[PDB]
Structure formats: C-alpha cells, structure tokens
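If you want the building blocks of each chain, they are given just below.
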Amino acid sequence: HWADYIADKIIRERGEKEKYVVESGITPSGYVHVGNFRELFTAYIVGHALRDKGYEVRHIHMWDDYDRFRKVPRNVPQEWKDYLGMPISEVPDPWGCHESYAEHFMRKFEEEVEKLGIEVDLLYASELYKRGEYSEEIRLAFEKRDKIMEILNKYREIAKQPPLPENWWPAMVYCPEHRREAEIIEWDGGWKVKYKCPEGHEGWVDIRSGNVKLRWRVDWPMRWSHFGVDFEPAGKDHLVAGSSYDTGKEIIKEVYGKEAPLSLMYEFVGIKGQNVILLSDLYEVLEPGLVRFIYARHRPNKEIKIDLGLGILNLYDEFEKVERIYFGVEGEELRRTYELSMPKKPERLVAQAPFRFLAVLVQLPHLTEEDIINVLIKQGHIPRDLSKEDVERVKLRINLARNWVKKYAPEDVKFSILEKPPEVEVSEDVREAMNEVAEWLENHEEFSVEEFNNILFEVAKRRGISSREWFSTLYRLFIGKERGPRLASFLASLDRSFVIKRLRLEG
Ligand SMILES: [Zn+2]
Ligand SMILES: [Zn+2]
C-alpha cells in the first residue's frame, strides 16, 4: 500500500507523464546483499504500482562498475592491492570465473534477482562512459565547476566541515597507460583535461573518450538528468541532511536545469539472532514468493529482521493464509500486498504443504518425495489433482524444509522414531487409554486428522489424564522425548501397524 501512496505522490509531484522512470543503483565492490536488494525491490514495487494505474514505467538498475577500487574485502586475496585505484570493471576476477571483479558480483546478483521474477533494465557505467554517452553532461560539470564547488561548500559549512580544496575538479581521470585514477590538473572551455598521474607523470585526455569520470556528487544528479529518473529510493546515509541527495537536488537544477526525482529511505535488513547475508542464503529455506512478500509487507523505514529459525514456521503459515484469503478460498489491505509482491499477475492458488509439517515428514527417512506428497494428500493439505506447478511447488518446499531442519532449526525440534519402546513408567490409566486409541485406529483405516486429534483428547478426558502425562508419555514411547511434533498428524503419517503395536506396548 505505501507503494500506491508514493505512486500517487509521484503522479502528483512529477507531472502526469506517459512513461515514468524509476531507478536503483549499486556499486559491485563486493557481494551485493539482502540490504542492497531492498533498494532495487523498492524501485520495483513503486514501479509496479505505477503500472497499476495505467501508466508505463522503466526500471533502470545502474551498476556503478566504473568506480575506483578502494578497498580489498575479506576472502579476496591480499595480493590484489596492486589493482587499487583501477575501476572495478577492469580489475581482474579474484576467482577467475568472470572477466572482471565487478562482473563476479554483478552476475551473482542478477541471477539472484531472476529467481524472484523481477525485471529491470541493467545498465553499466563502464559501458555508458566508454561509449561517450556522457560527453556533454561531463563538459557542463566543468563549465559549472565553481557552481558545483559553491553548492558543496554550502553544505560542508552547515556541518562545519572544511571547504573543498582550492584546485578541486568535479571529475577524475583514468590513465590510459596504467588505468589507475589520477587528479585532474587543467581544463579548457571545451573537452580536453590535463592530469597528474600518481608518482611521476603528466598528460592530456579528451572528455569525449571514456577516461574522465564525474565524481559521485555530480555523477549521480547527472544520471538523473540523462535518463528521466522520476523516483529513486536510497539508503539513509544518502538522505541525511547534506548528503548525496540534498547536494544533488541542487546540482541537477543549477547545472542540468532539472528537478531531482522523489526519493524514499529504506531501512536495514538482516536475520534474527545475529557475515554478509545474500539472497542465496534466504533461498536455502525461503520460497522466492515468500521473500518478495516479506519485502512488500514492511514499511520502507521499518527494518526487516527475518527469523530463519523457529519463527520461519509462522512465517509460512501467515504467508499461506494470505494467499488463501487472496483467492477467496478462505474467509483487505494484505490483499494488495500479495499483488504488489508478485511481478506477474496472480493466476491461481498453488498447493500449499504446511512448512511445519514438512519439517516433521522430512525427518521420517522411510519416506520418499512421492510418499510425502501422498501423505499430504491423505491428510488433505494439497488437492488430489496436482497440476505441474503444484508438484513443482511442493517438491521445492520439501527441499526447503529439509534444508531448514539441518541448518536453521533449533535442536529441540529434531527427533527420530524409536524402533523399540523404552522402559518408561506408564500408569494403568494411560495404558488403557492407549489401548482405546489403538482400537479406534484398528477399526478406522480411513479418517481425518482433525477427528483423530479429537479422539486423542476424548480418551484422555474419559480416563482422567492430564495433558503433560498423556502427551509426554506418548512422545516418550514414540520418539523418546517429553515433547514433539503435533501429535495427530504425526502418528497418522507413520506405518499404521507400527503405531498400533506401540500403543499396545508390544512392539
Ligand atoms: Zn567470478
Ligand atoms: Zn599514468
């Protein structure tokens, strides 16, 4: 919904146009994470609602792969200090799998975004620059140098930070002979700039080539001008008083005679109980649709803390419930959230096997993917008639539950069936109650879990047995623990004669 708002605020603020332009951008200096993805998603959701009003939109995702190589992350060979100063799109790939350093991190992210079904126009600074797509706007930068410096000192002073150095140029240079950054020394009134290469050297370079890059403060608003960016969310750090945005909101005006696009602050994203987290990490246990929904369910300035542990079970339940309400297959605002989280138009409900139950079924080794699917059918969680998408969705989720149990689930919920019963105190009352449950199971090949579960309380009530004594005993005889999986659906999933013989304390 907050995306529809900002949509109204965009049709209002900006004039009513034919096609709008939304933008997101990242520097591939390392692994683009779950926090960076929030920016692209925010641009996509607003762009999505914009189409929901009949307008047309272009979502530009800009890769600042032309930024210099400042620092060497962890896991990246230390022997790569030699490439600092070079643009990332020309720095080698530490692992060899790709052409550049920037490519390794860009490919991973673009692939992670596809599985989410989110479409965008990927642009590369390195290509736009080289092609001279920025020749003109770059010259203006030099033509309005004093103006730019004026603006940056205007804000630097509010924060009592010292003014820009006297011989400051709004752009840098990449030495053609060594490709490392270099301070610009001189300029004309058109093209050509002189630079003083680090160490010992001098030289001239033509702006019309691609070795004259606009420093970020100018480089951003120029970009908003070149393309017609109408909306572009950004990190808190760029929206702080005299930061990127405020300083660009002026440069684009006083230099490119344009109004800056509207913006929005998106907050932090992480996992509970907690070293970078990528979309790949969430994929190990979260369906792509779930990921999308999680980002559409929060307000931009409320941080997202995903519980990949025990709280993942209620996550799926709430998600499933909303999907059911959306298709009316179950008894208002969440409704539009479901639409906005989906890149494509909602087709129909797809078989939903309760995550918490797969976590249980997946811990019974004598069960194949087929067996699991069949259990789900008998206990009626998924229709008997499964489409292609349905079996495709249930199989993936089964794998997601198997992954969650191995790596994210707390130790408490792990269990294993005891092939033989343990020696445990069992009162005459419980004994007779288990005998009644076994008889009911022996005379009822078929039944619904819901009723089986009612029968389990009935027998306990008739004999006068508390919950802790009743359930902790059944859990102990079956899995050797005091607590365990929801009882009714658990027992129904096991070999029937195994449950009967165990209840009868004879096997
Ligand atoms: Zn690579
Ligand atoms: Zn040089």
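Within each chain the numbering goes from 1 in written sequence order, not necessarily matching the entry, and residues lacking coordinates are not shown. Following the order in which they are written, the chains are lettered starting with A and the ligands numbered starting with 1. The side-chain values count all of the structure's non-hydrogen atoms but skip hydrogen atoms and water molecules.

Some words on the overall build of the protein chain
No. 1: The helix count covers DSSP runs of H or I at least four residues long, the strand count covers runs of E at least two residues long, and both are numbered beginning at the N terminus. A tally of helices and strands in the protein chain yields 21 helices and 13 strands.
No. 2: Taken over C-alpha atoms, the radius of gyration comes to 30 Å for the protein chain, far larger than the 23 Å a tight globule of 507 residues would show.
No. 3: Dimensions of the protein chain, computed from the C-alpha atoms along their principal axes, are close to 100 × 55 × 45 Å.
No. 4: Note that accessible areas follow from Shrake-Rupley with a 1.4 Å probe, and for residues the cover is restricted to the protein chains shown. Accessible area of the protein chain: about 25,400 Å², with a carbon and sulfur share of 47%.
No. 5: Charge centroids of the protein chain, computed over 78 positive and 91 negative side chains, lie 2 Å from each other. A radius of gyration in this sense is built from C-alpha atoms; the matching globule rule multiplies 2.2 Å by the number of residues raised to 0.38. The convention is simple: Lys and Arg are positive, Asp and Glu are negative, and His and the chain ends are not counted. Note on charges: their place is set at NZ of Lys, CZ of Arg, CG of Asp or CD of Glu.

Examining the coordination of the zinc ion (ligand 1)
No. 1: Water is absent from the atoms considered, so a metal site may look incomplete; donors are defined as N, O and S atoms within 2.8 Å of the metal, or 3.2 Å for Na, K and Ca. Within the protein, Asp93 (OD), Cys97 (SG), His98 (ND1) and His104 (ND1) serve as the donor atoms for the zinc ion (ligand 1), at 2.0 to 2.4 Å.
No. 2: Irregular is the default label, applied whenever a site is not tetrahedral (four donors, all angles between 85 and 135 degrees) and neither square planar nor octahedral (four or six donors, opposite donors over 155 degrees apart, all other angles between 65 and 115). Taken together, the 4 donor atoms coordinating the zinc ion (ligand 1) span angles of 98 to 121° at the metal, a pattern that classifies the geometry as tetrahedral.
No. 3: Motif for the zinc ion (ligand 1), donor spacing along one chain: D-x3-C-H-x5-H.
No. 4: Among the residues examined, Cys97 registers a relative accessible area of 47% and is labelled partly exposed. Residue exposure (1.4 Å probe, protein chains only): buried if accessible area is under 20% of the type maximum, exposed if over 50%, otherwise partly exposed.

As for the nonpolar core
No. 1: Remark: nonpolar core denotes a set of buried residues (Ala, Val, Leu, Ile, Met, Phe, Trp, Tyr, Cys) joined through side-chain atoms within 4.5 Å. With 126 residues, the main nonpolar core has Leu282, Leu286, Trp404, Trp470 and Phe490 as its most contacted residues.
No. 2: If one sorts the elements of this core by residue count, helix 2 (residues 34-51) sits on top with 10 residues.
No. 3: For this analysis, residues touch if any pair of their heavy atoms sits within 4.5 Å. Excluding residues within four positions of it along the chain, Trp404 makes contact with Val285, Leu308, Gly309, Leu310, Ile312, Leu313, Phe355, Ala359, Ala409, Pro410 and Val413.
No. 4: In this structure, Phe142, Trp220, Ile252 and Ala260 belong to the second largest nonpolar core, which totals 47 residues.

Details of the UniProt feature "binding site: Zn(2+) 1" in the protein chain
No. 1: UniProt positions are given in the numbering used here, feature names are shortened, and annotations may be inferred rather than shown by experiment. What UniProt calls "binding site: Zn(2+) 1" maps, in this numbering, to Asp93, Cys97, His98 and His104.
No. 2: In this structure, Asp93 sits in the loop between strand 2 (56-63) and helix 3 (101-114).
No. 3: The exposure class assigned to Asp93 is buried, which follows from its relative accessible area of 8%.
No. 4: The residues touching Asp93, leaving out its near neighbours within four places in the chain, are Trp80, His98, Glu99, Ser100, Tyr101 and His104.
No. 5: Distance and chemistry together define a polar contact, namely a pair of N or O atoms within 3.5 Å, with one atom able to donate a hydrogen and the other to accept it when in protein, and with adjacent residues in sequence counting only for side-chain atoms on both sides. Polar side-chain contacts of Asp93 include one of 2.8 Å to the backbone nitrogen of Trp95.
No. 6: Take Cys97: it is sitting in the loop between strand 2 and helix 3.

Structural notes on helix 6 (residues 145-158)
No. 1: Any helix carries an expected span of 1.5 Å times its number of residues minus one. Across its 14 residues, helix 6 extends 20 Å between first and last C-alpha, which sits within 8% of the 20 Å expected from 1.5 Å per residue.
No. 2: Residues of helix 6 that are buried: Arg145, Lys147, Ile148, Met149, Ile151 and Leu152.
No. 3: For helix 6, the secondary structure elements touched by its buried residues are helix 5 (135-143), helix 7 (216-226) and helix 9 (244-256).
No. 4: One or two positions beyond helix 6, positive phi appears at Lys160, with a value near 55°.

Quick look at the coordination of the zinc ion (ligand 2)
No. 1: Of the protein atoms, only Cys175 (SG) and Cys197 (SG) coordinate the zinc ion (ligand 2), at distances of 2.6 to 2.7 Å. Linking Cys175 in the loop between strand 4 (171-174) and strand 5 (181-182) with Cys197 in the loop between strand 7 (193-195) and strand 8 (204-205), this pair joins segments that are 22 residues apart in sequence.
No. 2: What makes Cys175 buried here is its relative accessible area of 1%.
No. 3: Given the relative accessible area of 8%, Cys197 is considered buried.

Considering the UniProt feature "binding site: Zn(2+) 2" in the protein chain
No. 1: Here, the residues flagged by UniProt with the feature "binding site: Zn(2+) 2" are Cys175, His178, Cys197 and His201. Taking the farthest pair of C-alpha atoms as the criterion, the annotated set spanning 27 residues converges on one region, since that pair is 11.0 Å apart.
No. 2: Tracing the sequence through the fold places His201 in the loop between strand 7 and strand 8.
No. 3: Relative accessible area serves as the criterion here: at 34%, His201 is assigned to the partly exposed category.
No. 4: If sequence neighbours within four positions are ignored, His201 has contacts with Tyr195 and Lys196.

Regarding the environment of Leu477
No. 1: With respect to the element layout, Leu477 can be found in helix 19 (residues 467-479).
No. 2: Through-space distance from the C-alpha of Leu477 to that of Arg462 is 21 Å; in sequence the pair is 15 residues apart.
No. 3: Beyond its immediate stretch of four places on either side in the chain, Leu477 contacts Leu418, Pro421, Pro422, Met434, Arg502 and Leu505.

Here's the deal with a nonpolar patch on the surface
No. 1: A cluster of nonpolar side chains, contributed by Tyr31, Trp95 and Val276, occupies part of the molecular surface with about 280 Å² of accessible area.
No. 2: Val276 gets classed as partly exposed once you look at its relative accessible area, which sits at 43%. Patch membership requires more than 30% relative accessible area and the absence of a salt bridge. Residues of like charge join within 9 Å; the nonpolar side chains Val, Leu, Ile, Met, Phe, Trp and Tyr join within 5 Å. What makes a salt bridge here is a side-chain nitrogen of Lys or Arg within 4 Å of a carboxyl oxygen of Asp or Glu, nothing more.

Overview of the packing of aromatic side chains
No. 1: In this analysis, rings of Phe, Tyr and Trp, with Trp reduced to its six-membered ring, are considered paired at centre separations within 6.5 Å, and the interplanar angle assigns stacked below 30 degrees, edge-to-face beyond 60, and tilted for intermediate values. Within the structure shown, the criterion is met by 34 aromatic pairs.
No. 2: When the centroid spacing of 5.7 Å and the interplanar angle of 65° are considered together, the rings of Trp224 and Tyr245 count as edge-to-face. Of this pair, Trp224 sits in helix 7 while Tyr245 sits in helix 9, placing them 21 residues apart in sequence.
No. 3: Both rings, one in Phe355 and one in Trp404, keep their centres 6.2 Å apart while their planes meet at 75°; by these two values the pair is edge-to-face. Of this pair, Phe355 sits in helix 14 (residues 355-361) while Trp404 is found in helix 16 (residues 388-407), placing the two residues 49 residues apart along the sequence.
No. 4: By relative accessible area, which is 0% here, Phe355 ends up buried.
No. 5: Among the aromatic residues, those joined into a cluster by ring pairs are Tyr31, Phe69, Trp80, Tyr83, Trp95, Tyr101 and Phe105.
No. 6: The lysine or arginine in question, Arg139, covers the ring of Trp191, its NZ or CZ lying 5.0 Å from the ring centre. Here, a charge over a ring means that NZ of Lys or CZ of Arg falls within 6 Å of the ring centre while also lying within 35 degrees of the ring normal.

Topic: the sheet that holds strand 5
No. 1: Pairing between strands is defined by DSSP: at least two bridges between the two strands are required. The strand order across the open sheet formed by 3 strands is 5-4-9, and the pairing between neighbours is antiparallel. The open sheet is flanked by strand 5 and strand 9 (212-214), the only strands paired with a single partner.
No. 2: Pairing of strand 4 with strand 5 involves 2 bridges; the strand directions are antiparallel. Looking at the pairing, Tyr174 lines up with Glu181 of strand 5.

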